[PDB]
Amino acid sequence: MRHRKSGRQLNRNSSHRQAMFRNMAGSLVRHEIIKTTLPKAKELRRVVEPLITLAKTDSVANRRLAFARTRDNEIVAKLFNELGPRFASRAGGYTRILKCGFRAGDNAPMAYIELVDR
Amino acid sequence: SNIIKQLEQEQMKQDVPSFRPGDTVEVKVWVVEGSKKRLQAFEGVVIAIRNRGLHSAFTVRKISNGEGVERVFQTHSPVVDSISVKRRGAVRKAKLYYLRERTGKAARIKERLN
Amino acid sequence: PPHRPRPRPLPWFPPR
Amino acid sequence: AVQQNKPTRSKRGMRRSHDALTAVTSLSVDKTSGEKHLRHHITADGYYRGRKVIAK
Amino acid sequence: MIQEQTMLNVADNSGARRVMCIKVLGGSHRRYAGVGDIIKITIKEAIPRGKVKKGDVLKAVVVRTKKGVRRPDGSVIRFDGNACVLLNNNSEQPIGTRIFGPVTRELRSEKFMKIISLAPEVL
Amino acid sequence: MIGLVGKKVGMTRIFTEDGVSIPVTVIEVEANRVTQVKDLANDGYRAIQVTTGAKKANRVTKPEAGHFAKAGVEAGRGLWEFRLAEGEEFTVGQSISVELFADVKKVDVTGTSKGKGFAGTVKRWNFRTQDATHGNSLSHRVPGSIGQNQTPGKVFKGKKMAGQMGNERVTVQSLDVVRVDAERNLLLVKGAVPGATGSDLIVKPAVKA
RNA sequence: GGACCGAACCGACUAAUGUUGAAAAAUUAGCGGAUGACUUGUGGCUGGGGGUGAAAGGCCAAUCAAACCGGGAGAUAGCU
RNA sequence: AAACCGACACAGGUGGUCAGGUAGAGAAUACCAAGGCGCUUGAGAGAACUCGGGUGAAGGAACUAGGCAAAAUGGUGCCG
RNA sequence: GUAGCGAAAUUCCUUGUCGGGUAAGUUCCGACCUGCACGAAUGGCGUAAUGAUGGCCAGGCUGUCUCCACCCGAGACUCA
RNA sequence: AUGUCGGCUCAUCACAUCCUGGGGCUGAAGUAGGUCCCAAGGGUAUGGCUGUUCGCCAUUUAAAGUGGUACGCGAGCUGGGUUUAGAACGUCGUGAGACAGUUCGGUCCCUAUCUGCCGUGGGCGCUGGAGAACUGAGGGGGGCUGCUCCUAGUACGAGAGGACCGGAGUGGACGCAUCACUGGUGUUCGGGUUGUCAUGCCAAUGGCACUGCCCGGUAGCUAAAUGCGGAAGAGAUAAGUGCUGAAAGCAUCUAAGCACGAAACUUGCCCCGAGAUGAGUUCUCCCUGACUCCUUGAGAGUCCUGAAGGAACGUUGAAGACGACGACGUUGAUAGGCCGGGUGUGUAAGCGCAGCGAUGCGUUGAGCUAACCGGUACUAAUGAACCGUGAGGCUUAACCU
Ligand SMILES: [K+]
Ligand SMILES: [K+]
Ligand SMILES: [K+]
Ligand SMILES: [K+]
Ligand SMILES: [K+]
Ligand SMILES: [K+]
Ligand SMILES: [K+]
Ligand SMILES: [K+]
Ligand SMILES: [K+]
Ligand SMILES: [K+]
Ligand SMILES: [K+]
Ligand SMILES: [K+]
Ligand SMILES: [K+]
Ligand SMILES: [K+]
Ligand SMILES: [K+]
Ligand SMILES: [K+]
Ligand SMILES: [K+]
Ligand SMILES: [K+]
Ligand SMILES: [K+]
Ligand SMILES: [K+]
Ligand SMILES: [K+]
Ligand SMILES: [K+]
Ligand SMILES: [Mg+2]
Ligand SMILES: [Mg+2]
Ligand SMILES: [Mg+2]
Ligand SMILES: [Mg+2]
Ligand SMILES: [Mg+2]
Ligand SMILES: [Mg+2]
Ligand SMILES: [Mg+2]
Ligand SMILES: [Mg+2]
Ligand SMILES: [Mg+2]
Ligand SMILES: [Mg+2]
Ligand SMILES: [Mg+2]
Ligand SMILES: [Mg+2]
Ligand SMILES: [Mg+2]
Ligand SMILES: [Mg+2]
Ligand SMILES: [Mg+2]
Ligand SMILES: [Mg+2]
Ligand SMILES: [Mg+2]
Ligand SMILES: [Mg+2]
Ligand SMILES: [Mg+2]
Ligand SMILES: [Mg+2]
Ligand SMILES: [Mg+2]
Ligand SMILES: [Mg+2]
Ligand SMILES: [Mg+2]
Ligand SMILES: [Mg+2]
Ligand SMILES: [Mg+2]
Ligand SMILES: [Mg+2]
Ligand SMILES: [Mg+2]
Ligand SMILES: [Mg+2]
Ligand SMILES: [Mg+2]
Ligand SMILES: [Mg+2]
Ligand SMILES: [Mg+2]
Ligand SMILES: [Mg+2]
Ligand SMILES: [Mg+2]
Ligand SMILES: [Mg+2]
Ligand SMILES: [Mg+2]
Ligand SMILES: [Mg+2]
Ligand SMILES: [Mg+2]
Ligand SMILES: [Mg+2]
Ligand SMILES: [Mg+2]
Ligand SMILES: [Mg+2]
Ligand SMILES: [Mg+2]
Ligand SMILES: [Mg+2]
Ligand SMILES: [Mg+2]
Ligand SMILES: [Mg+2]
Ligand SMILES: [Mg+2]
Ligand SMILES: [Mg+2]
Ligand SMILES: [Mg+2]
Ligand SMILES: [Mg+2]
Ligand SMILES: [Mg+2]
Ligand SMILES: [Mg+2]
Ligand SMILES: [Mg+2]
Ligand SMILES: [Mg+2]
Ligand SMILES: [Mg+2]
Ligand SMILES: [Mg+2]
Ligand SMILES: [Mg+2]
Ligand SMILES: [Mg+2]
Ligand SMILES: [Mg+2]
Ligand SMILES: [Mg+2]
Ligand SMILES: [Mg+2]
Ligand SMILES: [Mg+2]
């Protein structure tokens, strides 16, 4: 049973999952659109959207929290200098998922996830 | 949730004093020995608090007649007549279960001087 | 009493 | 555990009576590009619900 | 929550120091004895010149448990250790004349009123 | 005697002045509206059909809408029947409130139990596990023997085995009515009842009593 | 110092796994010896009723109460 | 060692040399360097059950052929 | 058939009998001698140290168990 | 090649009944027994010793029943005993070796085709189609019992002791549900801390070391937690007890007739259930075109039409292996985010002050906070299209025209 439980395991252990979403969140912030599997995209929203929320309120503490969760100064600098301001007057929903076909190698359902103002 | 919130709120005591883990409290509880109601005091260190509205509880530990005793009180129960903080303790942790493996000098809690 | 020995293995032979 | 008797071609076919694929019920048509696409998926040319949403 | 093999302290001056539960009385396949329940015990450790001897088999009433007792409002009373009071095997009356440490109101009955009366504290 | 349909709101406790905590399930019982009356002449048995709650009109199909329309009641979230005792009488369109239970001391409550999915014999049937150690080979929670030998050379029907558990109709009998609040549309019953929070409950006066 | 604890190295006491194996003997966790009657490389010698054996009928190319290959040979088979 | 011995691009076997940093008695062990790799099916799901693990109220060998397995102990200095 | 040892890696009867240990001990320890069928280099009796050796007891410890619960991974399940 | 003792797991039947239920007789005053009859609904120890089954012993229990099922159950587990190879003792034998014996050690394979069983779907049927609510043939589950108190120290009895019948309470074991409480878990939450590597460095953080090791802990799941259950009643009976009553002027429970009578039986309680092909009932909804041909009929074909509803797809769920089931799809709170709260942790970072410094104090119950609660269209749930048709056979009756 998994009644009322949140979070996808994605056939990884917790440390791998966390590392992967840290990487993927970095990718999305850098490129503003990435292609990944549909379940990964759905999970990624729960990681990136809080980052953008954090970046709205610029402070040393918030920049350090963001750094703790991304471990990339280029990503932090972009969150606080570009994306935070860009989304200042948007109440959540910073991303959209667009479904797009199946991967050749393994027939995985694929999706684009992008920042909504891209 | 409004339904259960309302049912709960109407039963909650409004006169619960503030206390924290590590405080020494005296709890007065009603005891019914047949017909005669009377208050019995239980004084000890608060080692845990469960904040949960009507379902709030706190655990008080004492050493009584050579024996460690813990009582978990249901905060909003009518059985509990009154709570009074006799001493304010200085601790870091929310839950002081580590006191169960301590006696005497080791089990002493510093006073919270403010 | 027991009417059978406890099972044992066979020696390897070139299979095909 | 293994069969004591060879199953028939008849039984083989009966087991496979549930193996048939379903054709995609209906494809959708993008209102702008006119391309066919899976419903709720972007077209091959990067259109969705009339709007050009991705390059390539 | 006492079962067969559980070791108990003795809350009386019968002379026993440690006793072991060898039977939870009062039903087929009865698993546990809590406060107020009668158990059969064997004495594992006794003082030199007590009323009871090492190896004696008698009854006891459980008066304190680590698992503790629930009260009607949902509150709980837990003790740091398990303790019992030795009883005569036939009469089921206490052997000792003094009770040590607190006991609970679960004993308040005609059967164990002597324990209540002798106890230094009742919770 | 007829029952009412309600919704499991959740559990809480009532403290009594004499210092007892009564665990209660809170059952929300909105007006049950009679949609149909069945009689011997037409149906061969006496019963009322009731609806409760509400339903968005666009989710009400035309066959369902017509049924509510004939009664002249708003569409509810479902329909439930209650058999009538010989004394009882009801009319189509009539509302029945939780005041029905004003003088009722004990109720039966019927619900759908929580769904545990495919459950093993240990969970479903309280089978005992085999040894964790002492040489056990891959057979810790497995069911053990399921029959005899050549006689009878089959497994008997009703053999307890792994399978779907819960997500089925369950009745709990003879629960105390702690409180009936007509104004808040609440029934408080002592103790737990089947189902998750939010699930439909049928509440009837206790049959045993 | 056929001394002690303990890696490499040499072993193989227990358990689980594996048993159409990852493996025709292993893996994982523990385990014994670890300056010696130690261990290991290269080359050499001993040959089948023969060798070699701190001896288990052990080992002698995944084969051992008599190796393997070829021959007597289509042995013989009151048996299937 | 995917190129050698193992029928395989096989969790096995294979003699010699070199051996950095921090912690450490250490060639143990942890994290790193030089350097090298992610093990040639993937994607989901989050049932029973199996495998490998983590934690557990009260009890504490009552388990069992048997404390099998697990848990536990674990260092240095001084006293003893 | 001596010394020594003896219900024993030997005792059938046999769970012998007595004592100790346990609430309860066909095992264990100490005895007795009625040695079915010990016994003096195919050695007798003792024996500190040693043992992945056999038996028994205790403390500690624990999911071994009362009686299982939950969780993390690998499979199972679905798709290619 | 039909694997063998015992254990474990899981059972199932018989009744020659261990307990509980009903009854006759008693050398049955009472209590408590003895014995026989009826009765198979449910129930029917844990340990010590031993490979044991058994047995003895300890301590329980209402009771610790007797048997059948390949001495039930190794393609379910174990492998202690017993049938391999090593070794030794006693004994027998010149010996190899052997045993009315003993002793230490010693590989348990199988991915389930069919039957069966537990679950869960797909097809078609049920005679126009569709959405619901039902009836209930039939099937299954359940059915144990202690102690105390009252009746009453009454009946009984010289006393000692000590009831029936009836009523109330509280337990044990078992079952169902549930998570309000008490707790467990909680590698998705907070914190402490060892070693090391990194982010230029400080400060602050992150990786790795079993989640590095730990301390707490939300939701969920859950038991040790806490609610509920076994029934009453009814019908027909067993053994048994009778009433009236002849055959047989009497007598006689029986032949006619009538009445009682048990956990057994049939119901009553709970669940499944119309594939109940004997395919049932009720309520509601939908469809009211044209034409052609043929071997002329429940015929075929073309055009037009496409309903009710369904399915697909998408967002999903205390539903779930997959199917299925439930919610929702902008006329929208279905999921995510966001806002507020709650909860948990326990006073962040930065700065200032004190201190030689470790650190302390203030700002500060701070900061962070998963699965929870309440809001909120910010993101994603598309205009469509697909399936499903176009008034539903014959015969006979009755009622209408
Ligand atoms: K050589
Ligand atoms: K030869
Ligand atoms: K060869
Ligand atoms: K290579
Ligand atoms: K799955
Ligand atoms: K002797
Ligand atoms: K002898
Ligand atoms: K000799
Ligand atoms: K000698
Ligand atoms: K040895
Ligand atoms: K049987
Ligand atoms: K019976
Ligand atoms: K057999
Ligand atoms: K078989
Ligand atoms: K098997
Ligand atoms: K068959
Ligand atoms: K709970
Ligand atoms: K919890
Ligand atoms: K670190
Ligand atoms: K039908
Ligand atoms: K939302
Ligand atoms: K806080
Ligand atoms: Mg959710
Ligand atoms: Mg996978
Ligand atoms: Mg890690
Ligand atoms: Mg055959
Ligand atoms: Mg198939
Ligand atoms: Mg479920
Ligand atoms: Mg068991
Ligand atoms: Mg095996
Ligand atoms: Mg296992
Ligand atoms: Mg047959
Ligand atoms: Mg040495
Ligand atoms: Mg060797
Ligand atoms: Mg090893
Ligand atoms: Mg060594
Ligand atoms: Mg030999
Ligand atoms: Mg060889
Ligand atoms: Mg020869
Ligand atoms: Mg010849
Ligand atoms: Mg020939
Ligand atoms: Mg490879
Ligand atoms: Mg290799
Ligand atoms: Mg080597
Ligand atoms: Mg190393
Ligand atoms: Mg490098
Ligand atoms: Mg798993
Ligand atoms: Mg553990
Ligand atoms: Mg525990
Ligand atoms: Mg504990
Ligand atoms: Mg202990
Ligand atoms: Mg034992
Ligand atoms: Mg046992
Ligand atoms: Mg061990
Ligand atoms: Mg360990
Ligand atoms: Mg003896
Ligand atoms: Mg003796
Ligand atoms: Mg013992
Ligand atoms: Mg002896
Ligand atoms: Mg001799
Ligand atoms: Mg001589
Ligand atoms: Mg000699
Ligand atoms: Mg010798
Ligand atoms: Mg496949
Ligand atoms: Mg009979
Ligand atoms: Mg019955
Ligand atoms: Mg058998
Ligand atoms: Mg097997
Ligand atoms: Mg079998
Ligand atoms: Mg031999
Ligand atoms: Mg029935
Ligand atoms: Mg039945
Ligand atoms: Mg809760
Ligand atoms: Mg907790
Ligand atoms: Mg934890
Ligand atoms: Mg650096
Ligand atoms: Mg620093
Ligand atoms: Mg690293
Ligand atoms: Mg590393
Ligand atoms: Mg009964
Ligand atoms: Mg708070
Ligand atoms: Mg911090």
# chains A, B, ... in the order shown; residues from 1 in each chain; ligands from 1
$ residues_near_ligand --ligand "ligand 61" --cutoff "12 Å" --atoms "only C-alpha atoms (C1' of nucleotides) and all ligand atoms" --output "PyMOL selection string"
chain I and resi 1-2+39-41+43-44
$ residues_near_ligand --ligand "ligand 42" --cutoff "12 Å" --atoms "only C-alpha atoms (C1' of nucleotides) and all ligand atoms" --output "JSON, numbers by chain"
{"G": [22], "H": [2, 8, 9, 10, 11, 39, 40, 41]}
$ write_last_selection --atoms "N, CA and C atoms (P, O5', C5', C4', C3', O3' and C1' of nucleotides)" --output "PDB file, in the first residue's frame"
ATOM      1  P     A G  22      22.575 -16.682 -13.422  1.00  0.00           P
ATOM      2  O5'   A G  22      24.145 -16.472 -13.575  1.00  0.00           O
ATOM      3  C5'   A G  22      24.629 -15.817 -14.760  1.00  0.00           C
ATOM      4  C4'   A G  22      26.098 -15.569 -14.580  1.00  0.00           C
ATOM      5  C3'   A G  22      26.958 -16.802 -14.303  1.00  0.00           C
ATOM      6  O3'   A G  22      27.212 -17.499 -15.511  1.00  0.00           O
ATOM      7  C1'   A G  22      27.531 -15.081 -12.804  1.00  0.00           C
TER       8        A G  22
ATOM      9  P     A H   2      38.483  -6.688 -19.545  1.00  0.00           P
ATOM     10  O5'   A H   2      37.451  -7.312 -20.592  1.00  0.00           O
ATOM     11  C5'   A H   2      36.690  -8.485 -20.205  1.00  0.00           C
ATOM     12  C4'   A H   2      36.705  -9.443 -21.363  1.00  0.00           C
ATOM     13  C3'   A H   2      38.025  -9.440 -22.137  1.00  0.00           C
ATOM     14  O3'   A H   2      38.422 -10.715 -22.609  1.00  0.00           O
ATOM     15  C1'   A H   2      36.268  -8.726 -23.558  1.00  0.00           C
ATOM     16  P     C H   8      35.117 -19.458 -24.269  1.00  0.00           P
ATOM     17  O5'   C H   8      33.572 -19.064 -24.272  1.00  0.00           O
ATOM     18  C5'   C H   8      32.872 -18.911 -25.529  1.00  0.00           C
ATOM     19  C4'   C H   8      31.856 -17.799 -25.410  1.00  0.00           C
ATOM     20  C3'   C H   8      32.375 -16.465 -24.857  1.00  0.00           C
ATOM     21  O3'   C H   8      31.677 -15.382 -25.459  1.00  0.00           O
ATOM     22  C1'   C H   8      30.686 -17.286 -23.439  1.00  0.00           C
ATOM     23  P     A H   9      32.410 -14.323 -26.426  1.00  0.00           P
ATOM     24  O5'   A H   9      32.643 -13.106 -25.420  1.00  0.00           O
ATOM     25  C5'   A H   9      33.905 -12.971 -24.741  1.00  0.00           C
ATOM     26  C4'   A H   9      33.786 -11.867 -23.722  1.00  0.00           C
ATOM     27  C3'   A H   9      32.484 -11.846 -22.910  1.00  0.00           C
ATOM     28  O3'   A H   9      32.630 -11.147 -21.685  1.00  0.00           O
ATOM     29  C1'   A H   9      32.550  -9.956 -24.304  1.00  0.00           C
ATOM     30  P     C H  10      33.375 -11.797 -20.423  1.00  0.00           P
ATOM     31  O5'   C H  10      32.488 -13.105 -20.171  1.00  0.00           O
ATOM     32  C5'   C H  10      31.096 -12.979 -19.845  1.00  0.00           C
ATOM     33  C4'   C H  10      30.779 -13.793 -18.612  1.00  0.00           C
ATOM     34  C3'   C H  10      31.667 -13.542 -17.389  1.00  0.00           C
ATOM     35  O3'   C H  10      30.893 -13.697 -16.217  1.00  0.00           O
ATOM     36  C1'   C H  10      31.752 -15.809 -17.920  1.00  0.00           C
ATOM     37  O5'   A H  11      31.584 -12.094 -14.435  1.00  0.00           O
ATOM     38  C5'   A H  11      32.016 -13.076 -13.466  1.00  0.00           C
ATOM     39  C4'   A H  11      32.547 -12.353 -12.252  1.00  0.00           C
ATOM     40  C1'   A H  11      31.086 -12.132 -10.436  1.00  0.00           C
ATOM     41  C3'   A H  11      33.040 -13.226 -11.097  1.00  0.00           C
ATOM     42  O3'   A H  11      33.846 -12.485 -10.192  1.00  0.00           O
ATOM     43  P     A H  11      30.359 -12.429 -15.400  1.00  0.00           P
ATOM     44  P     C H  39      27.558   0.814 -17.634  1.00  0.00           P
ATOM     45  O5'   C H  39      28.017  -0.706 -17.752  1.00  0.00           O
ATOM     46  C5'   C H  39      29.350  -0.991 -18.212  1.00  0.00           C
ATOM     47  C4'   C H  39      29.896  -2.114 -17.374  1.00  0.00           C
ATOM     48  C3'   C H  39      28.997  -3.349 -17.234  1.00  0.00           C
ATOM     49  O3'   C H  39      29.158  -4.201 -18.358  1.00  0.00           O
ATOM     50  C1'   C H  39      30.061  -2.778 -15.156  1.00  0.00           C
ATOM     51  P     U H  40      27.908  -4.756 -19.196  1.00  0.00           P
ATOM     52  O5'   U H  40      27.600  -3.471 -20.097  1.00  0.00           O
ATOM     53  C5'   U H  40      26.272  -2.893 -20.115  1.00  0.00           C
ATOM     54  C4'   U H  40      25.615  -3.168 -21.449  1.00  0.00           C
ATOM     55  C3'   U H  40      25.611  -4.640 -21.891  1.00  0.00           C
ATOM     56  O3'   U H  40      24.291  -5.113 -22.016  1.00  0.00           O
ATOM     57  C1'   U H  40      26.164  -3.224 -23.692  1.00  0.00           C
ATOM     58  P     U H  41      23.749  -6.112 -20.903  1.00  0.00           P
ATOM     59  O5'   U H  41      22.172  -5.978 -21.069  1.00  0.00           O
ATOM     60  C5'   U H  41      21.479  -4.963 -20.340  1.00  0.00           C
ATOM     61  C4'   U H  41      20.879  -3.999 -21.325  1.00  0.00           C
ATOM     62  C3'   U H  41      20.100  -2.851 -20.693  1.00  0.00           C
ATOM     63  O3'   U H  41      21.037  -1.852 -20.350  1.00  0.00           O
ATOM     64  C1'   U H  41      18.823  -3.816 -22.432  1.00  0.00           C
TER      65        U H  41
END
$ residues_near_ligand --ligand "ligand 46" --cutoff "8 Å" --atoms "only C-alpha atoms (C1' of nucleotides) and all ligand atoms" --output "NGL selection string"
:H and (33-36)
$ atom_distance --atom1 "atom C1' of residue 344 of chain J" --atom2 "atom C1' of residue 218 of chain J"
6.1 Å
$ interface_residues --of "chain H" --to "chain A" --cutoff "10 Å" --atoms "only C-alpha atoms (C1' of nucleotides)" --output "ChimeraX atom specification"
/H:41-47
$ residues_around --residues "segment 24-36 of chain D" --least-positions-apart "3" --cutoff "6 Å" --atoms "only C-alpha atoms (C1' of nucleotides)" --output "PyMOL selection string"
(chain D and resi 39+50) or (chain J and resi 312+386)
$ write_last_selection --atoms "N, CA, C and O atoms (P, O5', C5', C4', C3', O3' and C1' of nucleotides)" --output "PDB file, in the first residue's frame"
ATOM      1  N   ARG D  39      -3.611  12.899 -29.441  1.00  0.00           N
ATOM      2  CA  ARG D  39      -4.298  13.870 -28.616  1.00  0.00           C
ATOM      3  C   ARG D  39      -3.476  14.135 -27.359  1.00  0.00           C
ATOM      4  O   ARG D  39      -2.901  13.208 -26.794  1.00  0.00           O
ATOM      5  N   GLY D  50      -2.875  24.757 -31.783  1.00  0.00           N
ATOM      6  CA  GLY D  50      -2.770  25.918 -32.652  1.00  0.00           C
ATOM      7  C   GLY D  50      -1.441  26.655 -32.494  1.00  0.00           C
ATOM      8  O   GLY D  50      -0.904  27.177 -33.469  1.00  0.00           O
TER       9      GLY D  50
ATOM     10  P     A J 312     -11.548   3.007 -22.049  1.00  0.00           P
ATOM     11  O5'   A J 312     -10.899   3.932 -23.179  1.00  0.00           O
ATOM     12  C5'   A J 312     -10.253   3.300 -24.310  1.00  0.00           C
ATOM     13  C4'   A J 312      -9.850   4.352 -25.312  1.00  0.00           C
ATOM     14  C3'   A J 312      -8.873   5.420 -24.818  1.00  0.00           C
ATOM     15  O3'   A J 312      -7.530   4.970 -24.867  1.00  0.00           O
ATOM     16  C1'   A J 312     -10.654   6.457 -25.956  1.00  0.00           C
ATOM     17  P     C J 386     -15.637  10.358 -36.676  1.00  0.00           P
ATOM     18  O5'   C J 386     -15.265   9.222 -35.618  1.00  0.00           O
ATOM     19  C5'   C J 386     -14.118   8.383 -35.878  1.00  0.00           C
ATOM     20  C4'   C J 386     -13.975   7.387 -34.755  1.00  0.00           C
ATOM     21  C3'   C J 386     -15.190   6.494 -34.495  1.00  0.00           C
ATOM     22  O3'   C J 386     -15.221   5.392 -35.388  1.00  0.00           O
ATOM     23  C1'   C J 386     -14.347   7.339 -32.446  1.00  0.00           C
TER      24        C J 386
END
$ residues_near_ligand --ligand "ligand 44" --cutoff "12 Å" --atoms "only C-alpha atoms (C1' of nucleotides) and all ligand atoms" --output "list in words"
residues 8, 9, 10, 39, 40 and 41 of chain G; 13, 14 and 15 of chain H
$ residues_around --residues "residue 113 of chain E" --least-positions-apart "5" --cutoff "12 Å" --atoms "only C-alpha atoms (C1' of nucleotides)" --output "ChimeraX atom specification"
/E:36,93-94,103-108,118-119,122
$ write_last_selection --atoms "C-alpha atoms" --output "mmCIF file, in the first residue's frame"
data_model
loop_
_atom_site.group_PDB
_atom_site.id
_atom_site.type_symbol
_atom_site.label_atom_id
_atom_site.label_comp_id
_atom_site.auth_asym_id
_atom_site.auth_seq_id
_atom_site.Cartn_x
_atom_site.Cartn_y
_atom_site.Cartn_z
ATOM 1 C CA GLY E 36 -3.737 -6.077 39.000
ATOM 2 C CA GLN E 93 -3.183 -12.653 50.475
ATOM 3 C CA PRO E 94 0.153 -10.753 50.706
ATOM 4 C CA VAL E 103 1.079 1.426 43.189
ATOM 5 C CA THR E 104 -1.951 2.322 41.054
ATOM 6 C CA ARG E 105 -5.695 2.633 41.661
ATOM 7 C CA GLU E 106 -6.157 -0.514 39.539
ATOM 8 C CA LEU E 107 -5.632 -2.450 42.796
ATOM 9 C CA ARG E 108 -8.515 -0.672 44.572
ATOM 10 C CA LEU E 118 0.236 -0.382 52.873
ATOM 11 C CA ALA E 119 1.453 1.458 49.757
ATOM 12 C CA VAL E 122 -1.307 5.430 45.023
#
$ select_by_dssp --residues "segment 12-202 of chain F" --states "strand (DSSP E or B)" --output "mmCIF file with C-alpha atoms, in the first residue's frame"
data_model
loop_
_atom_site.group_PDB
_atom_site.id
_atom_site.type_symbol
_atom_site.label_atom_id
_atom_site.label_comp_id
_atom_site.auth_asym_id
_atom_site.auth_seq_id
_atom_site.Cartn_x
_atom_site.Cartn_y
_atom_site.Cartn_z
ATOM 1 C CA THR F 12 -12.392 12.697 17.291
ATOM 2 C CA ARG F 13 -13.206 12.392 20.989
ATOM 3 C CA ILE F 14 -15.873 13.653 23.377
ATOM 4 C CA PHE F 15 -14.640 14.348 26.900
ATOM 5 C CA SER F 21 -12.749 10.195 26.680
ATOM 6 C CA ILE F 22 -15.256 8.685 24.247
ATOM 7 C CA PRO F 23 -13.762 7.991 20.773
ATOM 8 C CA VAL F 24 -16.326 9.050 18.183
ATOM 9 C CA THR F 25 -16.776 8.807 14.464
ATOM 10 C CA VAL F 26 -18.377 11.947 13.068
ATOM 11 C CA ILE F 27 -20.982 11.124 10.430
ATOM 12 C CA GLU F 28 -22.400 14.013 8.413
ATOM 13 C CA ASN F 32 -32.017 12.225 2.650
ATOM 14 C CA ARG F 33 -34.618 12.974 -0.050
ATOM 15 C CA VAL F 34 -37.067 10.229 -1.062
ATOM 16 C CA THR F 35 -36.813 9.672 -4.835
ATOM 17 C CA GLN F 36 -39.064 6.618 -5.133
ATOM 18 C CA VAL F 37 -41.469 4.581 -3.034
ATOM 19 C CA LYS F 38 -41.812 0.877 -3.815
ATOM 20 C CA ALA F 47 -39.063 0.258 0.318
ATOM 21 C CA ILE F 48 -38.002 3.848 -0.172
ATOM 22 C CA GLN F 49 -35.247 5.027 -2.459
ATOM 23 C CA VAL F 50 -33.358 8.041 -1.125
ATOM 24 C CA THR F 51 -30.691 10.368 -2.459
ATOM 25 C CA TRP F 80 -29.900 3.926 -1.818
ATOM 26 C CA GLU F 81 -32.917 1.831 -0.837
ATOM 27 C CA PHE F 82 -34.257 1.063 2.634
ATOM 28 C CA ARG F 83 -36.847 -1.655 3.280
ATOM 29 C CA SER F 95 -36.847 14.953 3.279
ATOM 30 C CA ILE F 96 -35.644 12.753 6.138
ATOM 31 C CA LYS F 106 -27.577 1.987 18.994
ATOM 32 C CA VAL F 107 -26.966 1.955 15.239
ATOM 33 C CA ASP F 108 -25.445 -0.368 12.673
ATOM 34 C CA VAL F 109 -23.072 1.356 10.255
ATOM 35 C CA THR F 110 -22.291 -0.079 6.822
ATOM 36 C CA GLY F 111 -19.445 1.149 4.611
ATOM 37 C CA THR F 112 -16.769 0.043 2.169
ATOM 38 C CA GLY F 115 -8.561 -1.293 0.225
ATOM 39 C CA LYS F 116 -5.388 -3.221 1.022
ATOM 40 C CA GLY F 117 -4.991 -4.607 -2.511
ATOM 41 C CA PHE F 118 -3.471 -8.059 -2.984
ATOM 42 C CA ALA F 119 -2.754 -9.318 0.531
ATOM 43 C CA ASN F 149 -2.358 -36.195 -0.380
ATOM 44 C CA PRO F 152 -8.606 -36.096 -1.734
ATOM 45 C CA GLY F 163 -5.913 -12.342 -2.587
ATOM 46 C CA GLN F 164 -7.689 -8.983 -2.656
ATOM 47 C CA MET F 165 -8.313 -7.697 0.865
ATOM 48 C CA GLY F 166 -10.638 -4.900 1.928
ATOM 49 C CA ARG F 169 -18.969 -3.934 2.175
ATOM 50 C CA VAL F 170 -18.605 -4.266 5.956
ATOM 51 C CA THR F 171 -21.187 -3.654 8.684
ATOM 52 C CA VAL F 172 -20.251 -2.793 12.259
ATOM 53 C CA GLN F 173 -23.154 -3.558 14.583
ATOM 54 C CA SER F 174 -24.519 -1.974 17.744
ATOM 55 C CA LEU F 175 -22.533 1.269 18.038
ATOM 56 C CA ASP F 176 -23.700 3.733 20.706
ATOM 57 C CA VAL F 177 -25.196 7.002 19.486
ATOM 58 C CA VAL F 178 -23.251 9.618 21.453
ATOM 59 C CA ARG F 179 -24.949 12.680 19.966
ATOM 60 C CA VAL F 180 -27.463 13.719 17.308
ATOM 61 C CA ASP F 181 -27.047 17.349 16.225
ATOM 62 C CA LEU F 186 -24.165 15.454 12.608
ATOM 63 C CA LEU F 187 -24.372 11.989 14.059
ATOM 64 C CA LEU F 188 -21.651 11.063 16.554
ATOM 65 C CA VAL F 189 -21.256 7.319 17.085
ATOM 66 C CA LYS F 190 -18.879 5.735 19.580
ATOM 67 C CA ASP F 200 -20.398 6.986 2.185
ATOM 68 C CA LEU F 201 -21.921 5.311 5.240
ATOM 69 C CA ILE F 202 -25.330 3.717 5.660
#
